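Some notes on the structure that comes next.
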Amino acid sequence: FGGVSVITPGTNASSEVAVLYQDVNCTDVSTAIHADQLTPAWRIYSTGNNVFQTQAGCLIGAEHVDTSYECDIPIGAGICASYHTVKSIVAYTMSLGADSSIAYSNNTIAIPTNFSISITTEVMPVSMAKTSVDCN
Amino acid sequence: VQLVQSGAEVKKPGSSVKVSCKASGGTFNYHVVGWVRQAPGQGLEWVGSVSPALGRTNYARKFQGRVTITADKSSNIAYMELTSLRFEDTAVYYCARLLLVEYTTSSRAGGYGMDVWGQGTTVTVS
Amino acid sequence: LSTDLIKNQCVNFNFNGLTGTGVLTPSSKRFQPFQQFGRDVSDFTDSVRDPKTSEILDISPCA
Amino acid sequence: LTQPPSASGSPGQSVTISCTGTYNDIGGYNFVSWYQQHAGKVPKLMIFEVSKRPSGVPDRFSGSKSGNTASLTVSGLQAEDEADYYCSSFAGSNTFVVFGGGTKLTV
Amino acid sequence: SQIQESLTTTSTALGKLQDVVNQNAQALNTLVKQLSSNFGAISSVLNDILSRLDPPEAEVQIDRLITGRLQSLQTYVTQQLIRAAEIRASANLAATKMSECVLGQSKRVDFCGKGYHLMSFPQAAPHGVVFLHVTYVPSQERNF
Amino acid sequence: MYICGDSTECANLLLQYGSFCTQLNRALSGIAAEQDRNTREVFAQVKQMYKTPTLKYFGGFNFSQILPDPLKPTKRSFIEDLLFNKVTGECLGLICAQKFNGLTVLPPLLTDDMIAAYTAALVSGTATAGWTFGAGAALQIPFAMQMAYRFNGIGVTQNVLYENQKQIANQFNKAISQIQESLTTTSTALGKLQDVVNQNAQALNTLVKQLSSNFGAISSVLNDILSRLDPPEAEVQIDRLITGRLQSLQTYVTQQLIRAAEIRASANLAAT
Amino acid sequence: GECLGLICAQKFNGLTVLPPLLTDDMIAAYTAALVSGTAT
Amino acid sequence: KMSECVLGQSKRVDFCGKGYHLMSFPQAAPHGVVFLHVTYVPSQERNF
Amino acid sequence: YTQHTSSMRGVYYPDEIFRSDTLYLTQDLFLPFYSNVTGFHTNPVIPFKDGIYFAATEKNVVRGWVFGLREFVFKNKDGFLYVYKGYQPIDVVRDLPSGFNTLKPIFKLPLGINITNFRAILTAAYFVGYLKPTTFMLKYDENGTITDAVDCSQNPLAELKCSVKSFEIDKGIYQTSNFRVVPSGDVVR
Ligand SMILES: *[C@@H]1O[C@H](CO)[C@@H](O[C@@H]2O[C@H](CO)[C@@H](O[C@@H]3O[C@H](CO)[C@@H](O)[C@H](O)[C@@H]3O)[C@H](O)[C@H]2NC(C)=O)[C@H](O)[C@H]1NC(C)=O
Ligand SMILES: *[C@@H]1O[C@H](CO)[C@@H](O[C@@H]2O[C@H](CO)[C@@H](O)[C@H](O)[C@H]2NC(C)=O)[C@H](O)[C@H]1NC(C)=O
Ligand SMILES: *[C@@H]1O[C@H](CO)[C@@H](O)[C@H](O)[C@H]1NC(C)=O
Ligand SMILES: *[C@@H]1O[C@H](CO)[C@@H](O)[C@H](O)[C@H]1NC(C)=O
Ligand SMILES: *[C@@H]1O[C@H](CO)[C@@H](O)[C@H](O)[C@H]1NC(C)=O
Ligand SMILES: *[C@@H]1O[C@H](CO)[C@@H](O)[C@H](O)[C@H]1NC(C)=O
Ligand SMILES: *[C@@H]1O[C@H](CO)[C@@H](O)[C@H](O)[C@H]1NC(C)=O
Ligand SMILES: *[C@@H]1O[C@H](CO)[C@@H](O)[C@H](O)[C@H]1NC(C)=O
């Protein structure tokens, strides 16, 4: 048994979805789907034969790719999903940051020769609604 | 029934054009009237529709704030007003009758294909 | 048994078995011929159709 | 809605064009139609319902839907079929109609 | 000018303030909707219980509803107290930033924005404060 | 699943209590999601992952135990391997196992060897760029020279570092060795992390064990109640168990929300 | 039920929302003062 | 505050009192601590 | 006994309540979208179980009912036989046309009848479907009319739309349901 999550890129982009069967062996959930052994059956559902086992569960409908990108919709462990060309829903191990080689030398220093004034923002929730309830 | 369109129109790069379609040899009745922006050398896209029986409309998101689609069943003519017309909006602008018929807001039947098409109203914008 | 409608003031009311205390006011709600009651987004009576005149009345809480 | 850019075959050949949807568009609703458009012509409805053909269309034109994929089959392809084919479907009430790009078939 | 343009067109920019609108809306919506639950009672309506049953039995059905409603008020109040504590922590941090970012100059790294802090501006927002943090970012380095 | 098993009599009675389960599920999913924010705010302060230098000896200052070893099979530093050996249904490996009670543990988004990549990047950036790392582009600086900068930031002139560089480097290196030795043999050193292992283990253990309580019911087993009693009576016994189980879920969720708030405060301080 | 504007409305369920003491355009006065003080 | 106000000197504005911080004293109180914060407040300005 | 598909047909007003500008999520007996409908031409007994959907194009052959395009929903619930009706001016010979038609209540009859059997009364074509206890999201317009609907059991997209109570869903991963594998057999020792 387990939870079922539906993964969507947002309807403004696509109505296409992927389904995650949580905390289950993918071989077993796939069998139960084909065997008509699941309780919350979806009447016109088809797996599409793109089933990927991740630590979070059996992810169906997302393609697995060997590329990496910034994390968009997290699934679990290093796996995230997003909407990409190969558009379709894809699953990948997330990127941690840019790959940067910094030289180390005992006689060289880098010194900025210019600068840029930048203005950034921070947002903070100082207060909430003052609700009141008449218990009786 | 043959849908008959205006045509051979040329418009300015920031303008407003109203395209008309008449149902000849018949009526629109309950049929939904759709509009399609096929661009030269390109595929075709939905612009929107009006259902003369109800006065209800639908727009493709791209034209939600740009195109007004209306109809007047008493003249049995459908209209499409393309405002803020841009160079990018050059198209054959076909109008067509959809098979779907709407009787009331909660009752409709038939498919969403389109059988009767007009000849197109080419609108060229410079 | 029945009484007159009392409007725009706090009233103890009973409309075809629907009861409560509130203020009955004229309403614009477009009820269908088979609909007797109207509801708010939360599940509270927002309005009723009068059993004898079929007019629509909103119900505000009694202050 | 997605279509291949082209299709082809010998005259007399069975040639198909596929369309892929979602759980709206193709899939979700049984309202998938197809059009035949020759350059310079007004698109002609070839398929009305997922499998139902309108009057005025020869019986070499047929089709079906499986899962979220629609398919147009032209059995016994003629030279006169060198046209783009477009599929469209009921997109649900907010979009109402969605079209794919054209697939150009060459004989 | 870039900030004004980004705020004009970019959604989620103020998601932190939107979240306290939505969290409270949900807490109240789940609270009010518990009034429709029976909690083992014949019906959710006290008037129906009283019309339907003589007092020796009506009281039982009312106690079932009272217990259920006291419990939903308690869960509401408890989550509001926990949530309020989270808000207070944000308010205290915002107050700290007001004192150190707006009324001073910060020497704390990544506090009052990325880069070297120069000054800040406390713009108001629904349920909160938005700071515009002006910083100096070194650039165009050369190898010496 | 926690409250009711495969009994539809229980599942239906449970709906009469209203939407308690959807609030309990949101509360837990809410904090579970928060836990992946905590490690992003703390470790993902690296915009560019820096490659671990091949040089571990910088100006005489030895970073071999701070940075990952290039030959060793692990992705962690020597100190990290020591730290990881003192502290301690989840689909680990893999073997995806379940318990009858519906209590599961979700995987983290950022895994242990992804976290280790950020720590390696942060140390590498410290070793080769220094404080310039937190303000615009990282700028390479000789290590001894960033130390001179750091000494001169505490009022001690830079002369001290350059004249006594050997002693300073030796004290640094010895201090690191002492830490490795203390972590190797001293227990309780990481008690603060051990405490969140134990607090959660206890919260789950008391939750699962409440399933054995009767709460006024004839028995704790729904199947026994249904076998034993006709529905007009069986429902009473089931309601006694439903009330007891909703209450144990509520106490569990509430303490997890309070505890999660305490963790967030620690995460925010760690990020600071 | 929040008495905004004014229109002081109520719901049957006794759930109301109290007004804040420091209103939006009072808060705006402090932010204007803080920016003006910063500028001069 | 004990660490930064009493055992040091603060450079954080309005932390350890209003004005420029010089030093503080941690007096005990029931259930708490009361700090006496000694600060320098500039005054008597002249227009130059 | 032939086969037809119900293309969003069989939606009706669950109650006498006016709601407007809203999506109302509810579980009741509804004709599932695209369920199979048996077609008939001409008087067999057609079993009634958990609610029955009936429709006919006639010409006027169906002039009565036995319980022991004109379309109706007949359901037996809490002691009453509820009857809903509606009608489309579309000329169709042997099929239900694809389409949507919200039906309005006509009767609420306090009949203590264990209805398991249904037969049409044919004088001198019709269709039968069955209702299931599915969940629907009913879209009410500004005048209290249901103009559209989502069948929450059809596919994961429909399910997600019902879960978030919207026809538009933002980006992300949402929990919508829970699954269980069901037993393949019975082991008694
Ligand atoms: C920088 O620090 C590292 C870490 O302490 C130094 O590496 C360590 O060097 C010692 C002495 O050579 C190694 O101990 C010896 O290991 C051999 C193993 O075969 C054993 O037979 C000897 O009896 C003795 O125990 C120690 O293992 C090694 N540690 C690691 C992690 O490799 C390194 O030398 C220092 N570099 C500089 C330039 O000072
Ligand atoms: C500060 O004291 C340390 C010892 O605590 C001195 O460092 C040691 O000096 C002896 C010689 O007297 C050497 O044999 C050791 O190897 C040195 N050890 C270290 C760094 O561990 C240091 O010289 C004194 N410094 C000053 C300025 O007086
Ligand atoms: C000069 O600086 C750049 C960083 O902007 C660095 O990538 C490059 O390797 C440096 N050149 C030399 C010779 O080290
Ligand atoms: C799933 O079951 C198969 C046996 O059918 C087993 O070999 C595999 O290791 C199991 N686990 C996963 C994650 O696939
Ligand atoms: C109070 O009621 C009067 C009508 O008697 C109305 O004019 C007024 O706007 C209402 N609200 C307030 C705040 O006075
Ligand atoms: C002198 O300083 C005072 C503040 O103490 C200020 O109010 C006054 O305007 C200044 N005088 C002039 C000529 O600016
Ligand atoms: C028609 O649908 C019912 C469920 O409502 C099913 O039991 C029956 O087998 C179906 N008959 C067909 C496809 O002939
Ligand atoms: C409601 O009915 C009025 C006529 O009384 C009509 O003008 C209006 O457009 C209708 N609204 C809807 C949503 O159909």
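Protein chains in written order, with the deposited numbering: chain E, 578 to 663, 672 to 721; chain R, 2 to 127; chain W, 515 to 577; chain L, 4 to 110; chain S, 914 to 1057; chain V, 722 to 809, 820 to 824, 831 to 1009; chain X, 820 to 824, 831 to 865; chain F, 1010 to 1057; chain P, 30 to 71, 78 to 94, 96 to 104, 182 to 237, 251 to 315. Ideal Cβ positions, reconstructed from N, Cα and C, are used throughout, including at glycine.
Following the DSSP letters along the chain, one finds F888(V) inside the alpha helix (DSSP H) bounded by residues 880-888. Those residues of the segment 523-556 of chain W placed with their C-beta closer than 7 Å to a C-beta in chain P are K543, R544, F545, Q546, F548, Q549, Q550, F551, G552, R553, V555, ordered along the chain. Not one beta carbon of chain P lies nearer than 8 Å to the beta carbon of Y677(E). Within chain R, no residue has its beta carbon less than 9 Å from that of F64(L); the closest one is some 13 Å off. Distance between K74(R) and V48(R), taken at the CA atoms: about 20 Å. By the Cβ-count criterion, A1038(F) is exposed, with fewer than 16 other Cβ atoms from all chains shown falling within 10 Å of its own Cβ. At a cut-off of 8 Å between beta-carbon atoms, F293(P) makes no contact with chain W.
Across the segment 935-956 of chain S, CB contacts with chain X closer than 8 Å involve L941, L944, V945, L948, in sequence order along the chain.
In chain order, the residues that have a beta carbon nearer than 6 Å to some heavy atom of ligand 7 are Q32(P), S64(P), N65(P), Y256(P). Take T71(R), set aside five residues on each side of it, and the residues of its chain with a beta-carbon closer than 6 Å to its own are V51, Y80, in chain order.
Placement of the Cβ of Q902(V) at a distance of 7 Å or more from every heavy atom of ligand 2 is found.
At least one CB of chain S lies nearer than 8 Å to the CB of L859(X). Here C725(V) is buried. Its C-beta has 16 or more other C-beta atoms within 10 Å. For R109(R), a Cβ of chain P is located within less than 8 Å of the residue's own Cβ.
Check the Cα spacing between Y38(L) and each of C90(L), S96(L), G95(L), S54(L): the tightest is with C90(L). A direct Cα-to-Cα measurement between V276(P) and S11(L) gives close to 39 Å.
Inter-residue distance for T604(E) and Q81(L) is about 47 Å (C-alpha atoms, whole angstroms). Excluding the 5 residues flanking it on each side, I20(L) has same chain C-beta neighbours closer than 6 Å at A10, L75, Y88, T106, in chain order. Contact of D649(E) with chain X by beta-carbon distance below 7 Å is absent, the smallest such distance being about 35 Å. Approximately 18 Å separates the beta-carbon atoms of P844(V) and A595(E); this is outside 8 Å, ruling out the contact. Taking C-beta separations shorter than 7 Å and ignoring five residues to either side along the sequence, the partners of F83(P) in its chain run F103, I228, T229, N230, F231, following chain order. In the DSSP assignment, no residue is bridged to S914(S). Closer than 7 Å to some heavy atom of ligand 3: that does not describe the Cβ of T698(E). By the Cβ neighbour-count rule, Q1036(F) is exposed, with fewer than 16 other Cβ atoms within 10 Å of its own.
Using a cutoff of 7 Å, the CB of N602(E) counts as near ligand 4, since one of the ligand's heavy atoms is closer than that. Per the C-alpha coordinates, the member of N935(S), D967(S), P968(S), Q974(S) positioned closest to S957(S) is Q974(S). Taking the Cα positions, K221(P) is about 31 Å away from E970(S). Taking C-beta atoms as the reference points, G1028(F) and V1043(F) fail to come closer than 8 Å. The three-state secondary structure of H33(P), taken from DSSP, is strand. DSSP places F88(R) within a helical segment (H, G or I) once states are collapsed to three. Excluding residues up to 5 positions away in sequence, nothing lies with its Cβ nearer than 8 Å to the Cβ of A688(E) in the same chain. Sequence-distant Cβ neighbours of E268(P) in its own chain, meaning closer than 7 Å and more than five residues away, are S49, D50.
Using beta-carbon distances, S1019(S) does not count as an interface residue toward chain V, since no partner is under 8 Å. Listed along the chain, the chain E residues whose CB falls inside 7 Å of the CB of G1028(S) are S703. Using a CB distance cut-off of 8 Å, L749(V) does not count as an interface residue toward chain S. Three or more beta-carbon pairs drawn from the segment 791-802 of chain V and the segment 851-858 of chain V are found closer than 8 Å, and the two stretches are therefore classed as touching.
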